[PDB]
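Colleague: experimental structure and sequence below.
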Amino acid sequence: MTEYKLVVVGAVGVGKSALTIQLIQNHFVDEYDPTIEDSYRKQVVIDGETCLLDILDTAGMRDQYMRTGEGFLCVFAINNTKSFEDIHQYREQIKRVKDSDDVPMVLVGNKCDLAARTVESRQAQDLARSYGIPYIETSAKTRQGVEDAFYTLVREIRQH
Ligand SMILES: Nc1nc2c(ncn2[C@@H]2O[C@H](COP(=O)(O)OP(=O)(O)NP(=O)(O)O)[C@@H](O)[C@H]2O)c(=O)[nH]1
Ligand SMILES: [Ca+2]
Ligand SMILES: [Mg+2]
Ligand SMILES: [Mg+2]
Ligand SMILES: [Mg+2]
């Protein structure tokens, strides 16, 4: 069937792994185990299309793995201002590995269940707008926005 290769990138501890594991395995990872490079594959129906999702969960080396990616979830945490500022460097890395200024991407503000917010929605909306991509908030803990974020990325890949 149709295969979509997604890559999740972003600063250490923003919740890349928890998001991917919530989507794929339907539980929340409470502990912190730094990732080297993990991949997940799951058959899912997205907008009536049966497809194979391959998701590369990267470390916050990353270059070669990222090269095959068709779309990128650029994740920061809403209680981590520095992770948000880092998004610029992640986007540049993506532009380099894909050798393109037109790569499917979705900006993700994770940990939206937490209250120590230092990145306001409008600030992230603005960044996403500058890149010409959607901004979506998520919580790997409550599941809020998780399916939306990943499926939106699939929908962005289909637009390119
Ligand atoms: N409350 C809350 N905690 C979260 C959320 N997502 C991740 N966390 C917590 O934040 C920590 C780091 O998450 P993790 O998924 O390991 O982050 P990472 O971005 O994959 N880290 P790395 O870059 O090292 O691989 C964990 O303790 C996890 O439970 C979220 O949406 N809400
Ligand atoms: Ca758990
Ligand atoms: Mg991880
Ligand atoms: Mg290059
Ligand atoms: Mg502020």
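Modeller: Arrived safely, thanks for sending. Residues are numbered from 1 along each chain as shown. Ligands and ions are numbered 1, 2, ... in the order given.

Colleague: buried stuff in the top helix by length along the chain?
Modeller: Longest helix in the chain, counting residues (DSSP state H): helix 81-98. By neighbour count with 16 or more other C-beta atoms under 10 Å, helix 81-98 contains the buried residues 83, 84, 86, 87, 90, 91, 93, 94, 97, 98. Yep, even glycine has a C-beta here, placed from its N, CA and C like the rest.

Colleague: pick the one among those closest to residue 37.
Modeller: residue 97 (13.7 Å; C-beta to C-beta).

Colleague: if I look at the closest one, how far off is ligand 4?
Modeller: 6 Å (C-beta to the ion, to the nearest Å).

Colleague: related to what we said a few turns ago, list just the nearest of the buried residues of helix 81-98 to ligand 2.
Modeller: Nearest to ligand 2, judged by C-beta to the ion, of the buried residues of helix 81-98 is residue 83 at 22.0 Å.

Colleague: ok, residues contacting the longest helix of the chain?
Modeller: 9-11, 13-14, 62-63, 66-67, 69, 72, 74-77, 101, 103, 105, 107, 109, 118-119, 123-124, 127, 131 (C-beta atoms under 8 Å, 6 or more residues apart in numbering).

Colleague: if we go to 6 Å?
Modeller: Residues outside helix 81-98 that contact it (C-beta atoms under 6 Å, 6 or more residues apart in numbering): 9, 11, 14, 63, 66-67, 72, 74, 76-77, 101, 103, 118-119.

Colleague: likewise stretch 126-135?
Modeller: For stretch 126-135, the external contacting residues (C-beta under 6 Å, 6+ apart) are 105, 106, 107, 124, 125, 152.

Colleague: so what's the gap between it and the chain middle?
Modeller: Distance of stretch 126-135 from the chain centroid (C-alpha atoms, centre = their mean, to the nearest Å) equals 14 Å.

Colleague: pull out the buried positions in that stretch.
Modeller: Of the residues in stretch 126-135, those buried (16+ other C-beta under 10 Å) are 127, 128, 131, 133, 134, 135.

Colleague: now do stretch 52-71
Modeller: By 16+ other C-beta under 10 Å, the buried positions in stretch 52-71 come out as 53-58, 60, 62, 65-66, 69-71.

Colleague: ok, that stretch near ligand 1 or not?
Modeller: Yes. Contact of stretch 52-71 with ligand 1 (C-beta under 6 Å from any ligand atom) involves 59, 60.
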